[PDB]
Structures are given as C-alpha cells and as structure tokens.
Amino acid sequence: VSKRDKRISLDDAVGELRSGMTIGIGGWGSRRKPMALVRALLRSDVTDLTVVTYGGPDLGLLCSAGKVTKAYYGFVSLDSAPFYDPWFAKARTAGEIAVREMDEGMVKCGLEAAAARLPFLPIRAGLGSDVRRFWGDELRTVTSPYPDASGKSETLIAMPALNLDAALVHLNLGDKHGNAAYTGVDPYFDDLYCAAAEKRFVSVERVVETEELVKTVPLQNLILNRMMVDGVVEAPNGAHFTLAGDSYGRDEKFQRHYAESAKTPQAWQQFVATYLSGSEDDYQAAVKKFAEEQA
C-alpha cells in the first residue's frame, strides 16, 4: 500500500514526549536549533528533563522554564555577544541543574556509541581535566588490551553511550516519511542525535515530495533516511532565532533582545507576554513585527 505518513504538528510531537526523558537537541550553539519544537516544549507541561546538547538558546529557554534537571553538554554559547546564555548561567549559579559537562569531542563520541549500540567508546579527550570531576564515577577509564610498542598500555576515557529517549532536530527540507536534508555548509550532528534516540522528531522548513527532495540537494546532503525519523513537522522559520544554513542567517537583533530580556524579572515577563504566550504563528508574527520596528 503506502509508506507511513509521519507528518504531525509541533504540539503533537511534544505530546509524544514525557517528563523525565533524556532528550538530545540538534544543531550547535545558535545554529539550526529546533527552536519551534523548543517553544512547543515550553507551552507543554513536560519537565524534569535530562538534556544532551551542544548548547545554545535552546537550553537557555528550557532553563527559563525550569524544565532541565540534568544537562550533558560540550559547551553553551549564543555564538554572538554576549556569548554566554543568561538563562543557562542563572540555572548554573543557582545550582538548579546537575551538569555532566564534557569535551565537545566526547559528545560526538557518546552519540556514536549509542548509534552503534555500544556501551562505550574510548577517547583521549577528558584525560587530565576536570571533566573527570564533573562526572565522578559516572565516567570511567578503559585500558587497551594491546600495549604500545614500548610495552606500556594506554588507559583512555571510556565515554559511555549517550542513549536518548528522544531527539529533536531541525533541517531545511524533508518528505512526509522522514527523508531529510540540510542545505548550507554544515550538517552539525543531527544524524547522530537521531541514531542515538528511541523517538525522533524532525522539523523542516518545507515538506516536499521525495522526488523533489532528492533532485534539490546532492546525495551527500540526505542525512536522514526513513529509519531515523518517527515524526515530521513542517515549521517554516522553525530555527528562528538561530541560523539555518542557506535558508536564513541568525536574527542577531532578536537574539540580543532575548539575552537582554533575561536580565530582570520585569523584562522577562514582557518577553514572555509578547513572544512565548501563544502559538508558533503568534511568535512568528511578533518576530516579524519586531524586525520592522527595529529597522
């Protein structure tokens, strides 16, 4: 008959998530984050999350809503001034989240282990650093069964698999079955997030038929196949205010406004009232109005 139609709404997708899940979030810093999916999380009652991410304003917004219990990350950055995300910083200085901070290469390594259903992969990164102190006994070493030529055996970090209950990623183009592509210079790690996860949700700028997808991009850009996706969300401008490859750049003015609004109770209630108290369409209309007013 027919392959499964995986098209769902933003609120449908978050409706499949549960409090207490370990969720990986794709993109990188302020780059192609599934921000519409994150805003849908904020509207929901899903909380007590363990988040695995190369962190940016996705983690900031989740922290603004108290939705993060534990975070696994290589960094958190807005990629532009003021660089440090102010909501992540507040959660940290308040001790509201338990962190398993790690080297950026360890995130990739851990996702790769989960993708291959392995319990660990060895890695040098982490040795001799306070990554050991962030993790304590959750991060162990592994000794090579093969000594080096000199007769000494290497002891490496055993990076444990970063198994995910769910993954949220945003891509530029996809079909209704989960085939999806990036456009632009970097896939980041969204394929690894999907491969490491049980439930996989991809938002895309535009849903097209399969044949249009494969004629629009090179083979190498088709980074998700149907085995890697459980739900597809059509979300134009769904990475705003992060950049999104060839679709659009970062909304630098609006990101600055987000960061400044976090500074006081007063400024944040107004940001929430204007941008985060309605639907994705309401958000998109308000963001467009902001850009016109600030020209």
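We number the residues from 1 along the sequence you see.
*Asks:* Looking at the entry, does 192 to 200 or 74 to 82 show the higher mean C-alpha B-factor?
*Replies:* According to the entry, 74 to 82 carries the higher average C-alpha B-factor.
*Asks:* As stated in the PDB record, which stretch has the larger average Cα B-factor, 117 to 125 or 92 to 100?
*Replies:* Mean C-alpha B-factor is greater for 92 to 100.
*Asks:* Sort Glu112, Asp186, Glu212, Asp165 by C-alpha B-factor from the entry and give me just the highest.
*Replies:* Most elevated C-alpha B-factor of the set, per the entry: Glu212.
*Asks:* Can you tell me which third, lowest, middle or highest, the CA B-factor of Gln266 falls into for its chain?
*Replies:* CA B-factor rank for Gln266: highest third.
*Asks:* Should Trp28 be placed in the lowest, middle or highest third of its chain by the C-alpha B factor in the entry?
*Replies:* Its C-alpha B-factor belongs to the lowest third of this chain's values.
*Asks:* Looking at the temperature factor on the CA atom of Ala239, which third of the chain's modelled residues does it land in?
*Replies:* Lowest third of the chain for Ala239's C-alpha B-factor.
*Asks:* Within this chain's modelled residues, let me know which third the CA B factor of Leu62 belongs to: lowest, middle or highest.
*Replies:* Ranked within chain, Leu62 CA B lands in the middle tercile.
*Asks:* Please place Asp251 in the lowest, middle or highest third of its chain according to the CA B-factor in the PDB entry.
*Replies:* For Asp251, the deposited C-alpha B-factor lands in the middle third.
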